[PDB]
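Reading through the structure tokens given below for one structure.
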Amino acid sequence: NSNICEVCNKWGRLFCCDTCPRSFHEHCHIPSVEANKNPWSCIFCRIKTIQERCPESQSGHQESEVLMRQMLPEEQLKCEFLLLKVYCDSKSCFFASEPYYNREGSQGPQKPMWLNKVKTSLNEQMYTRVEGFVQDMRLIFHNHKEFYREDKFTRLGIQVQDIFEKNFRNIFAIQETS
Ligand SMILES: [Zn+2]
Ligand SMILES: [Zn+2]
Ligand SMILES: [Zn+2]
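Rendered as structure tokens:
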């Protein structure tokens, strides 16, 4: 197995996947790495299994249909993975913890949002449909773009949003378009 965490790329106390060479810190994995379970399969392996069991799940889908899906176990897992894929980018540090807003000429957002809050919300089963999760994720980047206006720091929101959207289209097999 790898000797660094797949998500944060650091060594430390790592838990090893039994079905692939990835490793994770306890709370870098989503959900948090489970207490017992030998063997243990990581979220990448669990997602691969869903695809393998139902090869047709990779045919193209409309976003509108995906968003209305209820958060049954497989959709809950897919949102967990998508959240994990955003954390995998080092630029996710900017969006992880609760922000604050005090900048001359801007006002803070009406509804602040951050990754750790989405994490907790997923863990507590607060989303009933995929739409709930996706709306909160997109609000993270929209709030950032709106607040930082013309500062070049706005690009960080664009960059991490692009990682989110690419992963969303991949994980939920959104129909490719021009
Ligand atoms: Zn880690
Ligand atoms: Zn694995
Ligand atoms: Zn099938």
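For the record, in the sequence shown the residue sitting at position 8 is 708 according to PDB author numbering, with numbers rising by one throughout. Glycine included, every Cβ here is placed at the ideal spot set by N, Cα and C.
Does the Cβ of residue i lie closer than 8 Å to at least one heavy atom of ligand 2?
{"i": "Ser741", "result": "yes"}
{"i": "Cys728", "result": "no"}
{"i": "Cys720", "result": "yes"}
Using DSSP with H/G/I as helix, E/B as strand and the rest coil, what is residue i?
{"i": "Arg829", "result": "strand"}
{"i": "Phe841", "result": "helix"}
{"i": "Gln762", "result": "coil"}
Taking the continuous alpha helix (DSSP H) assigned at residue i, which residues delimit it?
{"i": "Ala735", "result": "That residue, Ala735, is in no alpha helix (DSSP H); it is neither H nor E in DSSP."}
{"i": "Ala873", "result": "Segment: none, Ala873 is in no alpha helix (DSSP H) and carries neither H nor E."}
{"i": "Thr749", "result": "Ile743 to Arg753"}
{"i": "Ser797", "result": "Element bounds for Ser797: n/a, residue is neither H nor E."}
{"i": "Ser821", "result": "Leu815 to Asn823"}
{"i": "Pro773", "result": "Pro773 to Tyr787"}
Please determine whether the Cβ atom of residue i lies at a distance below 8 Å from any heavy atom of ligand 3.
{"i": "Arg869", "result": "no"}
{"i": "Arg769", "result": "no"}
{"i": "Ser757", "result": "yes"}
{"i": "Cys705", "result": "no"}
{"i": "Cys754", "result": "yes"}
Using a threshold of 8 Å, is the CB atom of residue i nearer than that to any non-hydrogen atom of ligand 1?
{"i": "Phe724", "result": "yes"}
{"i": "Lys710", "result": "yes"}
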